[PDB]
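What follows is a short report on a single structure.
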Amino acid sequence: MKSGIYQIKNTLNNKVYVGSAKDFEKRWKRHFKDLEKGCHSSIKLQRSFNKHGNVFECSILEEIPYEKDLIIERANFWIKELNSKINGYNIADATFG
């Protein structure tokens, strides 16, 4: 498995969703399975997906150990750095686990 911080970017408007994962590939697969079931945690990402389906690109921002202290700090760094709340799909600061 490969862990760390990642971004899910809408290729139509460049807006992003910043998250953390124990394993990138599996976390991304879970995001889209959730969006298809219509019960994703982010109403903003869900709305975009309902309108466009999977027009997103997933990429790694930082590969780092999946440890709470490190993950929350780095996830929040990227959320702010990429302004993913005001201009993205994140609905709040980072969570872990």
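By convention in this document, the chains of the structure tokens carry letters A, B, ... by their order, each chain's residues are numbered from 1, and ligands are numbered from 1 in the order they are shown.
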From segment 45-92 of chain A, collect each residue whose DSSP state is alpha helix (DSSP H) and return the set as a PyMOL selection string.
-> chain A and resi 45-52+68-81
Any chance you can output those residues with C-alpha atoms as a CSV table (one decimal), in the first residue's frame?
```csv
chain,number,residue,atom,x,y,z
A,45,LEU,CA,-18.3,16.6,-4.7
A,46,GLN,CA,-21.6,14.7,-4.9
A,47,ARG,CA,-23.3,17.6,-6.7
A,48,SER,CA,-20.4,17.9,-9.2
A,49,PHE,CA,-20.4,14.2,-9.8
A,50,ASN,CA,-24.2,14.1,-10.2
A,51,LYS,CA,-23.8,16.7,-13.0
A,52,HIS,CA,-20.7,15.3,-14.7
A,68,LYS,CA,-2.7,10.7,12.7
A,69,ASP,CA,-0.4,13.5,13.8
A,70,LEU,CA,1.4,13.8,10.5
A,71,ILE,CA,-1.7,13.2,8.3
A,72,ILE,CA,-4.0,15.8,9.9
A,73,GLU,CA,-1.3,18.5,9.8
A,74,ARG,CA,-0.3,17.9,6.2
A,75,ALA,CA,-3.9,17.3,5.0
A,76,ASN,CA,-4.9,20.7,6.5
A,77,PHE,CA,-1.8,22.3,5.0
A,78,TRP,CA,-2.9,21.3,1.5
A,79,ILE,CA,-6.5,22.1,2.1
A,80,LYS,CA,-5.5,25.7,2.9
A,81,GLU,CA,-2.7,25.8,0.3
```
Neighbours of segment 7-14 of chain A within 9 Å (only C-alpha atoms; same-chain residues fewer than 2 positions away dropped), as an MDAnalysis selection string?
-> chainID A and resid 5 16:20 28 48 54:61 78 88:89
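If you measure from each of A:25, A:91, A:44, A:86 to residue 4 of chain A using only C-alpha atoms, the closest one turns out to be A:25.
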Residue among A:92, A:53, A:67, A:3 lying closest to residue 37 of chain A, counting only C-alpha atoms =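 Of the candidates, the smallest distance to residue 37 of chain A is held by A:53.
Of note, atom CA of residue 23 of chain A and atom CA of residue 39 of chain A are spaced 21.0 Å apart.
Across chain A, DSSP run on the backbone finds strand (DSSP E or B) at residues 4, 5, 6, 7, 8, 9, 10, 16, 17, 18, 19, 20, 21, 56, 57, 58, 59, 60, 61, 62 and 63 of chain A.
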Export, as an mmCIF file, in the first residue's frame, the selected residues with N, CA, C and O atoms.
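Full text of result-v5.cif as output:
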```cif
data_model
loop_
_atom_site.group_PDB
_atom_site.id
_atom_site.type_symbol
_atom_site.label_atom_id
_atom_site.label_comp_id
_atom_site.auth_asym_id
_atom_site.auth_seq_id
_atom_site.Cartn_x
_atom_site.Cartn_y
_atom_site.Cartn_z
ATOM 1 N N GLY A 4 -0.636 8.638 2.188
ATOM 2 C CA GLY A 4 -0.297 10.045 2.151
ATOM 3 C C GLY A 4 -1.477 10.939 1.848
ATOM 4 O O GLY A 4 -2.633 10.572 2.074
ATOM 5 N N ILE A 5 -1.167 12.119 1.327
ATOM 6 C CA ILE A 5 -2.172 13.113 0.985
ATOM 7 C C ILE A 5 -2.361 13.118 -0.524
ATOM 8 O O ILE A 5 -1.396 13.007 -1.282
ATOM 9 N N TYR A 6 -3.607 13.256 -0.960
ATOM 10 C CA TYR A 6 -3.903 13.259 -2.384
ATOM 11 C C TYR A 6 -4.907 14.344 -2.741
ATOM 12 O O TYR A 6 -5.501 14.973 -1.868
ATOM 13 N N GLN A 7 -5.086 14.558 -4.039
ATOM 14 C CA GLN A 7 -6.066 15.517 -4.516
ATOM 15 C C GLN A 7 -6.883 14.838 -5.608
ATOM 16 O O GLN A 7 -6.376 13.981 -6.338
ATOM 17 N N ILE A 8 -8.163 15.190 -5.679
ATOM 18 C CA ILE A 8 -9.061 14.683 -6.709
ATOM 19 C C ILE A 8 -9.460 15.972 -7.407
ATOM 20 O O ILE A 8 -10.131 16.817 -6.818
ATOM 21 N N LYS A 9 -9.023 16.137 -8.651
ATOM 22 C CA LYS A 9 -9.292 17.365 -9.390
ATOM 23 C C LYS A 9 -10.281 17.238 -10.541
ATOM 24 O O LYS A 9 -10.183 16.337 -11.373
ATOM 25 N N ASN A 10 -11.241 18.154 -10.573
ATOM 26 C CA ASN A 10 -12.243 18.178 -11.629
ATOM 27 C C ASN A 10 -11.534 18.758 -12.855
ATOM 28 O O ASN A 10 -11.049 19.888 -12.814
ATOM 29 N N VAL A 16 -10.501 21.173 -6.627
ATOM 30 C CA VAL A 16 -10.004 19.929 -6.050
ATOM 31 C C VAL A 16 -10.572 19.547 -4.691
ATOM 32 O O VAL A 16 -11.130 20.368 -3.964
ATOM 33 N N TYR A 17 -10.404 18.270 -4.373
ATOM 34 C CA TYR A 17 -10.810 17.690 -3.104
ATOM 35 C C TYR A 17 -9.497 17.141 -2.553
ATOM 36 O O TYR A 17 -8.813 16.377 -3.235
ATOM 37 N N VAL A 18 -9.133 17.547 -1.343
ATOM 38 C CA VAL A 18 -7.905 17.071 -0.716
ATOM 39 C C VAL A 18 -8.253 16.027 0.337
ATOM 40 O O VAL A 18 -9.161 16.220 1.135
ATOM 41 N N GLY A 19 -7.532 14.911 0.335
ATOM 42 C CA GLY A 19 -7.806 13.876 1.316
ATOM 43 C C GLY A 19 -6.558 13.116 1.716
ATOM 44 O O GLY A 19 -5.467 13.416 1.247
ATOM 45 N N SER A 20 -6.722 12.133 2.597
ATOM 46 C CA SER A 20 -5.600 11.319 3.053
ATOM 47 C C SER A 20 -5.986 9.852 2.919
ATOM 48 O O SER A 20 -7.160 9.503 3.018
ATOM 49 N N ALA A 21 -5.007 8.986 2.690
ATOM 50 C CA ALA A 21 -5.323 7.574 2.533
ATOM 51 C C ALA A 21 -4.253 6.626 3.032
ATOM 52 O O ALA A 21 -3.060 6.943 3.011
ATOM 53 N N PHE A 56 -12.967 13.467 -13.127
ATOM 54 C CA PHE A 56 -11.866 13.789 -12.226
ATOM 55 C C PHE A 56 -10.550 13.074 -12.490
ATOM 56 O O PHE A 56 -10.507 12.021 -13.128
ATOM 57 N N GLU A 57 -9.481 13.676 -11.973
ATOM 58 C CA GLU A 57 -8.126 13.147 -12.065
ATOM 59 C C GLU A 57 -7.573 13.074 -10.648
ATOM 60 O O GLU A 57 -7.578 14.070 -9.925
ATOM 61 N N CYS A 58 -7.102 11.895 -10.258
ATOM 62 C CA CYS A 58 -6.542 11.702 -8.926
ATOM 63 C C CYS A 58 -5.021 11.714 -8.988
ATOM 64 O O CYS A 58 -4.424 11.067 -9.848
ATOM 65 N N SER A 59 -4.392 12.455 -8.083
ATOM 66 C CA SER A 59 -2.936 12.511 -8.038
ATOM 67 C C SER A 59 -2.457 12.599 -6.595
ATOM 68 O O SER A 59 -3.189 13.039 -5.711
ATOM 69 N N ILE A 60 -1.228 12.161 -6.362
ATOM 70 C CA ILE A 60 -0.647 12.188 -5.028
ATOM 71 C C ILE A 60 -0.009 13.543 -4.770
ATOM 72 O O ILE A 60 0.703 14.072 -5.624
ATOM 73 N N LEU A 61 -0.278 14.113 -3.601
ATOM 74 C CA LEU A 61 0.321 15.390 -3.240
ATOM 75 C C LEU A 61 1.578 15.100 -2.431
ATOM 76 O O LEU A 61 2.629 15.694 -2.666
ATOM 77 N N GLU A 62 1.460 14.169 -1.490
ATOM 78 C CA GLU A 62 2.571 13.786 -0.623
ATOM 79 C C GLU A 62 2.452 12.347 -0.157
ATOM 80 O O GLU A 62 1.448 11.984 0.453
ATOM 81 N N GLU A 63 3.470 11.531 -0.422
ATOM 82 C CA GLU A 63 3.446 10.157 0.065
ATOM 83 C C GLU A 63 4.122 10.222 1.429
ATOM 84 O O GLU A 63 5.305 10.548 1.524
#
```
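Separating atom CA of residue 36 of chain A from atom CA of residue 66 of chain A is a distance of 26.5 Å.
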So which residues touch residue 26 of chain A within 10 Å, counting only C-alpha atoms, skipping near sequence neighbours fewer than 5 positions away, as a PyMOL selection string?
-> chain A and resi 1-2+21+31
